[PDB]
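Residues per chain are reported as follows:
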4 protein chains.
Amino acid sequence: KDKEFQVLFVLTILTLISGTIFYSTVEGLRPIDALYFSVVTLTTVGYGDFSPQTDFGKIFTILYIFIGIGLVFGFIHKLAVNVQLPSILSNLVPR
Amino acid sequence: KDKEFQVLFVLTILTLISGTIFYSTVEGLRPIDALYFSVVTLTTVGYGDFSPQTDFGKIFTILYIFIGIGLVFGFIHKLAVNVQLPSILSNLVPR
Amino acid sequence: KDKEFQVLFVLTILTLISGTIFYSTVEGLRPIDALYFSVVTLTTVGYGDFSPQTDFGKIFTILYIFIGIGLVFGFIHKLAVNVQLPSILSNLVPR
Amino acid sequence: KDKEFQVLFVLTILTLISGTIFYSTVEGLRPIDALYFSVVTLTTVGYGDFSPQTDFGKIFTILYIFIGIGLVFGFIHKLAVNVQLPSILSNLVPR
Ligand SMILES: [K+]
Ligand SMILES: [K+]
Ligand SMILES: [K+]
Ligand SMILES: [K+]
Ligand SMILES: [K+]
Ligand SMILES: [K+]
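Residues numbered from 1 in each chain as written, not as in the entry; some residues may be left out. Chains lettered and ligands numbered in written order. Heavy atoms only, no water. Residues with missing side-chain atoms left out of burial classes, pairs and counts.

The name given to chain A in the PDB entry is Potassium channel protein, with Bacillus cereus m1550 as the source organism. UniProt's Subcellular location (unreviewed entry) comment on chain A is quoted here verbatim: "Membrane". (UniProt positions renumbered as here; feature names shortened; annotations may be inferred.)

*Asks:* Got a minute to help me understand the UniProt feature "transmembrane region" (unreviewed entry) in chain A in this structure?
*Replies:* Taken from the UniProt record, the annotation "transmembrane region" (unreviewed entry) applies to residues 7–26 and 56–76 of chain A. End C-alpha atoms of residues 56–76 of chain A are separated by 29 Å, and the span's content is 100% helix alongside 0% strand. (Helix = DSSP H or I, 4+ residues; strand = E, 2+ residues; numbered from the N terminus.)

*Asks:* Could you clarify how one ought to interpret helix α2 (residues 31–42) of chain B in this entry?
*Replies:* Because an α-helix completes one turn every 3.6 residues, residues spaced three or four positions apart along the sequence face the same direction. Its 12 residues give α2 of chain B an end-to-end C-alpha distance of 17 Å, which sits within 8% of 16 Å, the value for a rise of 1.5 Å per residue. In terms of residue burial, α2 of chain B counts as a mostly covered element, since 9 of its 12 residues are buried. For α2 of chain B, the set of buried residues is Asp33, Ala34, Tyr36, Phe37, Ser38, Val39, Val40, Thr41 and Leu42 of chain B. Close packing links the buried residues of α2 of chain B with α3 (55–90) of chain A together with α1 (2–26) and α3 (55–90) of chain B. Looking at the residues trailing α2 of chain B, positive phi occurs at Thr44 of chain B, about 65°. (Expected span 1.5 Å × (residues − 1). Buried < 20%, exposed > 50% of the residue type's maximum accessible area, 1.4 Å probe, protein only. Contact = heavy atoms within 4.5 Å.)

*Asks:* Looking at this structure, how should I read the coordination of the potassium ion (ligand 5)?
*Replies:* Six octahedral donors around a metal ideally sit at 90 or 180 degrees from one another, while four tetrahedral donors ideally sit at 109.5 degrees. Every protein donor of the potassium ion (ligand 5) is listed here as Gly46 of chain A (O), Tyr47 of chain A (O), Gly46 of chain B (O), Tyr47 of chain B (O), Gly46 of chain C (O), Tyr47 of chain C (O), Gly46 of chain D (O) and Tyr47 of chain D (O), and their distances to the metal cover 2.8 to 3.1 Å. The metal-metal distance between the potassium ion (ligand 5) and the potassium ion (ligand 4) is 3.7 Å, with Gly46 of chain A coordinating both. Of the two residues, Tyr47 of chain B sits in the loop between α2 and α3 while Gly46 of chain C sits in the loop between α2 (31–42) and α3 (55–90), which places them in two different chains. One exposure class covers both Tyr47 of chain B and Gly46 of chain C, and it is buried. (Donors = N, O, S within 2.8 Å, 3.2 Å for Na, K, Ca; no water.)

*Asks:* Just checking my understanding: could you explain the interface of chain C and chain D for this structure?
*Replies:* It is common to report an interface's size as the accessible area lost on association of the parts. Taken together, the 22 residues of chain C in the interface contact 22 residues of chain D. The largest per-residue losses of area from chain C upon contact with chain D belong to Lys58, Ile62 and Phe66 of chain C, which jointly make up 35% of the total buried on that side. At the surface where chain C touches chain D, the tally comes to 2 salt bridges. With a shortest N-O distance of 2.7 Å, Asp55 of chain C and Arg30 of chain D are connected by a salt bridge. One can count 4 residue pairs in polar contact joining chain C with chain D. (Buried area = accessible area lost by both parts, 1.4 Å probe. Salt bridge = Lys/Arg side-chain N within 4 Å of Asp/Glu carboxyl O. Polar contact = N/O pair within 3.5 Å; in protein donor to acceptor, adjacent residues only side chain to side chain.)

*Asks:* When you look at the interface of chain A and chain B in this model, what are you seeing that I'm missing?
*Replies:* Contacts between chain A and chain B engage 22 residues on the former and 22 residues on the latter. For the pairing of chain A and chain B, the buried interface totals around 1700 Å² over both sides, and the portion due to carbon and sulfur atoms is 72%. Its largest share of buried area at the contact with chain B, chain A owes to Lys58, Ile62 and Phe66 of chain A, together 36% of the area lost on that side. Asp33 of chain B is the partner of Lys58 of chain A in a salt bridge, and the nearest nitrogen-oxygen pair spans 3.0 Å. Contributing elements (two or more residues each) for the side of chain A that touches chain B: α1 (2–26), α2 (31–42) and α3 of chain A. Sorting elements by how many residues they give to the side of chain A that touches chain B places α3 of chain A first, with 10 residues. Per-class residue counts for the side of chain A that touches chain B are 13 nonpolar, 7 polar and 2 charged. (Nonpolar A, V, L, I, M, F, W, Y, C, P; charged D, E, K, R; others polar.)

Below you can see the structure in the form of structure tokens.
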């Protein structure tokens, strides 16, 4: 399960890495604001402090959202159940 | 399962196609910005770079969201489990 | 199951009705913009064309979101599986 | 199950408490607007009436979202099924 977590963890990193590269290049964001925007996008928070202004950016966001949501929320799912929960359970039993 | 994917795939396309037509016509968006807005709406990202200004638009968005979310997120679910996951698994075994 | 759908359907209506009343009264929205804002809130779309400006409004939105999301998304779930899906299946068999 | 509810209830409170403290301190929000922003963030509503302007804030929001969503939506899940639903069922049987 650490290896089930690891695979999704890597895949999410590669997914955010890619959004960072596209949005910094085509939409002109700083690398930090691209990563931020990528995370705010794929988690469906969506503040809209940053949004794509080019048509190439709008098109890529359509595909990025559809490809990216399933992954991101699977990692989060993994993270909650296989990492956060046991840690919580361990804090209720002094060793 | 390719046919379970195909049905939802088509249904999502028809759903976005329809939002594109309504928002381009009634709210005055370019066809590209209507599709974009439709996708950002039904995935619950919701940047708000575009939002409906007419009452007819606000009313349609209420119904579009309620009818559209279940579909869109079922496709995404299908896509992650029946397309992305196996592809991932295949990349871990050289042929 | 029509009665399982009916209960949630009513409960969602009562939930939106209430947001409409609070936001029209305390935040000063038109009744149509209050309902719209209520729907955009509880589905987690969240355009932000409208947002609460008073502290009483911000506090109520915290509680409304927490109480309202579970309901709204249960109705949508019901709607997709018990209404949309069978209708789809029926359209693939001429009578 | 009251104790399953209680644990998540506490954990959500501690999670919002922490966002309130970070956003009030680093981003300069009033304590009420920090809590509000924290709730609007972790539920993925995301109006964007408030968004982080510092790089330290953007970085923390990335981690807060990933750590916080699984918890918040588990509480909501608990709340809907173990509190709201039975209460609803009880209202359909006069004592
Ligand atoms: K979900
Ligand atoms: K959302
Ligand atoms: K959102
Ligand atoms: K949003
Ligand atoms: K927004
Ligand atoms: K805005």
